[PDB]
Amino acid sequence: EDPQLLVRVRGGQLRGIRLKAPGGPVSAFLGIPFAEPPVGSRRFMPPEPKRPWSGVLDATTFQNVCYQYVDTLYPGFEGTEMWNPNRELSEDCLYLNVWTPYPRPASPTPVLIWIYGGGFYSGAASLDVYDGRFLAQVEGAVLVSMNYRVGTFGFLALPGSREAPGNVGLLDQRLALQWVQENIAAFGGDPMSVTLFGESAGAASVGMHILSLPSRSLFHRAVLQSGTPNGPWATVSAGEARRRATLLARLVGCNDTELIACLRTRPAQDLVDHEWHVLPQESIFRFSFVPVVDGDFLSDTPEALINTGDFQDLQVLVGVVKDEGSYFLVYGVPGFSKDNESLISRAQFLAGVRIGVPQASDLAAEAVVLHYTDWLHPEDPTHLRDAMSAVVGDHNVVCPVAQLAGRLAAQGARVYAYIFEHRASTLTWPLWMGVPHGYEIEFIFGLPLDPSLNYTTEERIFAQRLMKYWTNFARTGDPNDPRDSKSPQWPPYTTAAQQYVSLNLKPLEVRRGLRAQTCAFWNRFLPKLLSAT
Amino acid sequence: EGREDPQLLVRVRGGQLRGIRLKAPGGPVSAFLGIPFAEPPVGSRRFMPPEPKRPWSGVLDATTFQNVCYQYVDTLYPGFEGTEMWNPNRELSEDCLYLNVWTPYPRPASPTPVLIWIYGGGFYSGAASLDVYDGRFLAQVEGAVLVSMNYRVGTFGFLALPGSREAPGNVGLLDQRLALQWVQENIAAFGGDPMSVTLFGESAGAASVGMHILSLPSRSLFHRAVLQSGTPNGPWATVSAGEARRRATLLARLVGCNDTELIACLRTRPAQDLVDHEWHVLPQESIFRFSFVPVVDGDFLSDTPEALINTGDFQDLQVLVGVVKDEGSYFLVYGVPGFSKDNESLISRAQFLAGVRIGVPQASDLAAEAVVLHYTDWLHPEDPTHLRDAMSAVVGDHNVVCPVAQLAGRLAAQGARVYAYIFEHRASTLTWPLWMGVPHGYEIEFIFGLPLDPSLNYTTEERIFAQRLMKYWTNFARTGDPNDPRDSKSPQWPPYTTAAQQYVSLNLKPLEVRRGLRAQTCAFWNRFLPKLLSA
Ligand SMILES: *[C@@H]1O[C@H](CO[C@@H]2O[C@@H](C)[C@@H](O)[C@@H](O)[C@@H]2O)[C@@H](O)[C@H](O)[C@H]1NC(C)=O
Ligand SMILES: *[C@@H]1O[C@H](CO)[C@@H](O)[C@H](O)[C@H]1NC(C)=O
Ligand SMILES: *[C@@H]1O[C@H](CO)[C@@H](O)[C@H](O)[C@H]1NC(C)=O
């Protein structure tokens with residue numbers, strides 16, 4: 001019985017496990033319950049805090065993955081399987097994980113809290129790419145990750161109702177953040193220094209805690225990687241959530257109380273079986289059950305809240321990868337596949353745009369096509385393919401990120417922005433996809449430091465650089481190394497200069513304007529268009 | 001006769017002419033100036049199609065330029081060479097239908113390719129007698145036979161009550177057509193080859209050349225064409241029949257006037273009264289918009305220039321087209337608040353937004369906003385210098401560059417051999433401020449060879465540049481190809497194609513080939529804005 005592996009938290013005693021990291025041991029406390037299992041009459045309901053337990057709770061293994069759809073498009077392919085559940089599925093999944101250095105930190109250590117992505121319909125804190133042992137061992141960080149409900153279980157809503165108020169998945173995350181405030185000191189983490197970080201939906205989630213007052217006293221800094229609370233996919237209106245919910249009810253055969261009561265009797269997989277049949281149009285980068293503008297967790301739309309918020313005492317790091325949209329193209333656009341170079345025709349490009357920008361009118365879709373066509377090579381298949389990727393990546397991530405960076409900076413926040421451009425030597429997706437959505441993560445978590453994973457020695461040095469930026473940012477709100485001249489320095493993003501840095505194998509390079517002309521098209525012109533026509 | 005220079009006596013269908021021997025840097029040239037080609041379109045003839053000049057007796061003196069067609073005279077900058085060089089240089093009169101011919105001295109041995117110049121001036125001004133249109137250099141150095149004609153402008157040449165008998169519209173274009181017929185019948189008397197006639201012009205002169213290409217009856221009067229900074233398609237070269245009727249009747253009201261009665265009353269008004277109200281009929285405050293221009297009458301223009309260039313067969317046609325580096329600058333000081341030739345014209349964002357409404361007068365609020373968003377440099381959205389140059393670009397692209405890009409593309413896709421250029425050299429002698437760059441109209445003095453005149457103070461490189469350009473234009477007139485058949489060394493000027501979109505830069509440096517004439521931006525004007533319009 002190793003005393004470094006024994007901790008007492010408000011609910012009782014835990015026993016963690018000593019894990020091996022390249023440079024030494026780390027202490028890990030896996031599968032800690034933070035809420036009562038949201039099962040049975042608790043489905044669709046806000047989480048309740050976990051009741052105290054007797055004895056010593058075993059926290060040496062990952063708990064179950066929240067019930068969710070499992071990808072089958074490319075069976076056996078590592079590019080997709082790496083995101084699939086790696087533990088048993090179950091609605092009983094509200095558990096979090098903590099990694100800390102071994103022996104546990106002498107003094108209070110800044111805490112990093114990871115919120116995974118997966119379109120709000122999938123993901124889990126147990127995936128290999130979210131392994132917190134590297135950051136814990138190399139930087140001495142206390143890393144926390146929680147499971148939160150996805151899909152219908154976490155976001156199906158009958159707005160205004162008592163039994164499916166919506167956003168419970170964000171409330172699960174909030175409860176895990178409260179748990180960190182109340183218990184993280186027992187592990188040597190500083191509750192006064194908590195940095196939230198996440199990617200994609202995880203990033204939009206971090207964004208939603210920034211915009212919801214009750215979350216604000218639970219963290220101090222934030223990192224949003226390829227995702228935002230604003231934008232076309234992260235939220236839906238009350239009306240649309242109600243619409244998708246009742247359409248799902250109907251599809252499984254079911255006054256809000258009775259509808260929800262009937263939904264609660266259905267096996268989990270029945271709900272997942274019809275999840276994807278409620279989207280209003282054929283599309284990509286669109287998810288059935290996501291946060292809802294409820295006038296509660298989200299007092300107004302993310303757009304309204306970021307345009308009028310006071311972000312004075314907040315530091316934020318945000319960024320995108322080089323090819324945000326490639327990955328999504330193979331999941332719905334005719335002509336695209338991971339197995340060929342996906343050289344498409346102009347006709348397939350125009351078709352792709354209606355799928356890529358599903359809420360777009362014919363005039364608006366025409367404007368997108370004319371803006372993205374390279375008029376010197378309007379029929380070149382390679383140009384048309386890369387353009388289709390750009391349309392999807394810009395519309396969904398880059399421009400919504402440029403928009404958020406700008407409002408937070410204009411309104412008092414300290415902002416740092418980046419563009420990640422290194423393509424992992426180990427990537428299994430084809431070259432035409434470039435640096436896809438989600439592939440910067442393994443670097444920030446430091447996986448290249450595991451010699452058995454076969455990353456190049458340059459990638460290992462790169463990952464160390466990134467872990468430093470993130471942890472420096474967590475410690476101080478500034479990603480630059482405190483004692484180190486010559487770098488060059490990563491400057492704050494501002495509305496005036498619009499500076500951001502490229503993260504790749506070469507030293508930091510400062511650039512200006514995040515797709516400035518193109519995002520002006522998405523952020524200023526298209527809005528003006530559709531609100532008139 | 002008896003003692004006169006035997007090389008200056010020539011006979012044409014209407015009678016005997018006596019020209020004058022003029023001095024050109026490299027030697028003498030023969031000039032026949034002020035040859036009447038139509039009956040004076042005065043009195044009951046105002047607004048009427050021209051009638052061929054009736055024969056005269058004796059020897060008509062053709063030694064000086066004739067009257068300039070009645071027109072508005074610019075006074076915005078009194079005394080300034082930049083504006084005066086375009087002003088009338090001979091008496092104003094409605095009796096102005098005369099043309100000019102320059103030919104080598106002694107006249108060429110065998111038939112020489114003919115170049116016919118059609119001046120610009122927004123269809124409301126101009127004259128073939130201006131110094132920049134002096135044909136003595138092309139005649140002396142390239143042995144060209146050059147012809148230029150005066151054609152009616154303003155109300156006198158384009159006021160129309162479409163469908164009427166007394167003001168059919170497009171008579172100024174008919175004046176030009178009459179002069180082209182005069183060349184077919186008489187140019188051989190001067191040594192010119194009527195079977196090799198190339199039309200060239202700038203701005204409204206260029207749109208004019210374009211209208212002769214789209215009008216069947218003019219097609220048999222020429223073989224090749226050059227359009228400098230102008231097109232028959234675009235926002236200013238033509239108006240609909242309804243709009244022309246509207247402007248004509250509003251002008252009639254302003255001077256105190258059934259079409260016959262209205263026109264008859266207009267004919268009693270002094271020429272100067274019509275000029276004094278010419279600018280009061282435009283529908284919106286604007287720049288690069290002219291009151292009386294060619295009308296889509298369903299006769300001279302069977303349909304809109306857009307329709308005709310989209311559906312025409314341009315199989316056996318060779319065309320040279322181009323623009324200058326800063327097509328819009330000149331126009332900004334005639335109506336956009338914040339611009340002046342006397343200061344740097346650094347403007348604010350608000351002045352830019354206001355300038356766009358004036359520069360794109362037909363644009364809806366949404367369309368004007370799309371223009372502003374497209375032209376704004378989002379890394380420095382408030383920088384005065386960028387906003388100023390952007391205002392110039394908006395005007396130049398909307399009115400000249402994109403309409404030219406559009407024309408080249410349709411002509412090429414439909415059988416024509418097209419050559420395209422962008423002229424980027426700023427005359428060392430320009431008197432407009434530097435911020436205007438190479439303004440609209442300033443490639444002309446180089447194409448005509450004025451730098452070859454030692455007394456005009458051009459640099460020696462400009463003199464060599466002028467010679468290069470004169471060779472390109474005359475080679476094109478001779479063969480339909482600007483390239484010198486011998487010289488393989490000099491890079492070649494390749495044809496413009498929808499596939500490759502090649503065009504050359506014309507400046508002091510050797511030809512440089514470039515691809516895509518403002519391709520992204522012209523896609524905005526030529527493809528997106530129209531579609532915005534359908535809603
Ligand atoms: C540039 O000039 C514009 C028009 O002003 C006129 O021209 C200048 C040169 C003076 O002679 C003045 O008396 C005239 O009224 C101004 O509207 C514009 O703001 C000026 N730009 C600046 C700020 O210098
Ligand atoms: C790529 O493969 C998909 C299906 O496997 C097909 O629809 C598409 O046309 C292919 N494209 C190419 C490059 O042939
Ligand atoms: C040309 O330069 C001479 C010498 O400076 C000067 O006297 C003359 O006025 C100039 N003429 C022109 C065209 O500017």
Side-chain angles (χ1 to χ4, degrees), chain B residues 1 4-37 53 59-66 98-119 127-150 176 178-201 221-224 226 444 447-450 452-453 466-467 469-479:
Chain B
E1 29 199 288
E4 285 154 288
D5 182 336
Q7 268 287 321
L8 304 171
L9 307 172
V10 162
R11 173 173 288 275
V12 295
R13 169 76 248 234
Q16 283 185 295
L17 302 163
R18 181 173 39 249
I20 182 173
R21 181 181 121 108
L22 294 178
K23 234 298 121 182
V29 300
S30 306
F32 294 88
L33 312 170
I35 303 170
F37 64 88
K53 171 72 172 181
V59 186
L60 183 147
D61 175 277
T63 65
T64 63
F65 285 118
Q66 266 284 358
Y98 301 84
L99 55 76
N100 313 299
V101 177
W102 282 271
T103 63
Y105 179 111
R107 297 193 292 284
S110 40
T112 305
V114 178
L115 286 179
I116 300 180
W117 176 250
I118 301 186
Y119 60 76
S129 53
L130 304 180
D131 288 353
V132 287
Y133 310 143
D134 193 335
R136 77 178 68 198
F137 312 99
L138 284 162
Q140 204 291 318
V141 181
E142 297 290 338
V145 162
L146 201 144
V147 182
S148 60
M149 88 288 284
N150 281 358
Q176 290 171 15
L178 181 53
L180 311 190
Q181 296 173 330
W182 182 96
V183 164
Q184 284 299 294
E185 173 166 22
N186 304 286
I187 210 60
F190 301 84
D193 182 359
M195 301 195 90
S196 188
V197 172
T198 295
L199 309 181
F200 76 134
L221 315 175
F222 68 97
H223 321 268
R224 280 174 288 301
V226 184
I444 306 169
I447 306 289
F448 272 79
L450 269 73
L452 276 47
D453 182 337
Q467 293 171 310
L469 297 177
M470 295 170 84
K471 266 293 187 311
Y472 293 138
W473 263 239
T474 58
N475 284 337
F476 177 74
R478 279 179 285 268
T479 74

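Below, chains carry the letters A, B, ... as their sequence lines are ordered, and counting in each starts from 1. The analysis underlying the following values was restricted to heavy atoms, covering all of them including side chains, and did not include hydrogens, waters or symmetry mates.
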Task: Criterion side-chain contact (heavy atoms from CB on, under 4.5 Å) against B:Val114, the qualifying member of B:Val101, B:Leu146, B:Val145 - done: B:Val145
TODO: Verify, without hydrogens or angle tests, whether B:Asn186 (side chain) and B:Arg13 (backbone) share a donor-acceptor contact under 3.5 angstrom.
DONE: yes
Open item on the list: So that I know where these two stand, are B:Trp117 and B:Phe448 an aromatic pair - ring centroids less than 6.0 Å apart?
Closed with: yes
Open item on the list: Could you tell me if B:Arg107 sits above the aromatic ring of B:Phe190, with its cationic atom closer than 6.0 Å to the ring centre and no more than 45 degrees from the axis?
Closed with: no
Open item on the list: Please check: side-chain N/O of B:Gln184 versus main-chain N/O of B:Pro194, any donor-acceptor pairing under 3.5 Å?
Closed with: yes
TODO: Could you pull out the closest heavy-atom pair between B:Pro104 and B:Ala139, with the gap in Å?
DONE: CG-O, 3.5 Å
TODO: May I ask you to say whether B:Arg21 pairs ionically with B:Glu4, meaning some side-chain N is under 4.0 Å from a carboxylate O?
DONE: no
Open item on the list: Can a donor-acceptor pair be found, under 3.5 Å and without considering hydrogens, that links the side chain of B:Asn100 to the backbone of B:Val147?
Closed with: no
TODO: Starting at CG of B:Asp5, measure out to CG of B:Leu9 and round the result to the nearest 0.5 Å.
DONE: 7.5 Å
TODO: Enter the distance from B:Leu221:CG to B:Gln181:CD here, rounded to the nearest 0.5 Å.
DONE: 5.5 Å
Open item on the list: Tell me the closest heavy-atom pair linking B:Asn150 and B:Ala128, and the distance in Å.
Closed with: OD1-N, 3.0 Å
Task: Nearest-0.5 Å distance, OG1 of residue B:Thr63 to CG of residue B:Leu33 - done: 7.5 Å
Task: Nearest-0.5 Å distance, CD1 of residue B:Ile116 to CZ of residue B:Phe200 - done: 10.0 Å
Open item on the list: Quick one: does any side-chain atom of B:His223 pair with a main-chain N or O of B:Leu199 as donor and acceptor, under 3.5 Å?
Closed with: no
- [ ] Identify the heavy atoms of B:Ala179 and B:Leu99 that sit nearest to each other, and give their distance.
- [x] CB-CD2, 4.0 Å
Open item on the list: Can you tell me how far apart CZ (B:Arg136) and NZ (B:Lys23) are? Round to the nearest 0.5 Å.
Closed with: 10.0 Å
Task: Contact check, side chains of B:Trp182 and B:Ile35, non-hydrogen atoms, under 4.5 Å - done: yes
Task: Closest heavy-atom pair and its distance - B:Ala31, B:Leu22 - done: CB-CD1, 3.6 Å
Open item on the list: How close do B:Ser196 and B:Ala477 get, counting heavy atoms only, and between which atoms?
Closed with: OG-O, 3.7 Å
Open item on the list: With side-chain contact (heavy atoms from CB on, under 4.5 Å) as the test, pick out the partner of B:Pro113 among B:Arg224, B:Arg478, B:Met195, B:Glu142.
Closed with: B:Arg478
Task: Criterion side chain to side chain contact (heavy atoms under 4.5 Å, CB included) on B:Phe222 and B:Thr198, from CA distance to verdict - done: CA-CA 6 Å; B:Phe222 68 97; B:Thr198 295; over 6 Å; no
Task: CZ on B:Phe32 to CG on B:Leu8, rounded to 0.5 Å - done: 5.5 Å
Task: B:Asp193 versus B:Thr112, side-chain donor and acceptor atoms under 3.5 Å - done: no
TODO: Would you name the heavy atoms of B:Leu60 and B:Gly34 that are closest together and state the gap between them?
DONE: CD2-O, 4.2 Å
Open item on the list: Does B:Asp131 have more than 12 heavy atoms from other residues, nucleotides or ligands lying within 6.0 Å of its CG?
Closed with: no
